[PDB]
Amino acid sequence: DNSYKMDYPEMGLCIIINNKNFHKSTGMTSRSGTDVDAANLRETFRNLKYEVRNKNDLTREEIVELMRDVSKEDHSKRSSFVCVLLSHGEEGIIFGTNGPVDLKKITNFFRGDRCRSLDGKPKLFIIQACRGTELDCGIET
């Protein structure tokens, strides 16, 4: 039993949250190029046989609601769960279109005791977002 069982009827959901345009009230920069990412991911995970759902420009409230609702689905016939977050961020934080939400609040919905039909199944969160404002200057090889 070294490998997850991936031969359930369905590979599982792939939820892609693609936040490009943010409310003026926040000022955050429009994330040019993120639509290329979202389409790339949609096609990539389609070829992996995931049930992809693309969602664009979600408020922090809408993100929490979508994650809550998805966590309350019956995943019994699904091998895994994938969630992709494309947005601005800070350490521990991703931005809805109207402000920051803790990553922990999003992932907590899928905890082993809170989403029983994903127990023992891989829950993947793929996060394209800043985690601070440091730059890596690199070092010559």
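Residue positions are given as counts along the sequence shown, with the first one as 1.
- Looking at 101-109 and 83-91 together, the entry lists the larger mean B-factor for 101-109, computed on C-alpha atoms.
- Comparing 23-31 with 57-65, the higher mean C-alpha B-factor in the PDB entry belongs to 23-31.
- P9: CA B factor lies in the highest third for its chain, per the PDB record.
- Sort the chain's modelled residues by C-alpha temperature factor and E51 lands in the middle third, per the entry.
- Among all modelled residues in this chain, the alpha-carbon of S76 has a temperature factor (C-alpha) in the highest third.
- Per the deposited record, the Cα B-factor of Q128 falls in the lowest third when ranked against the other modelled residues of its chain.
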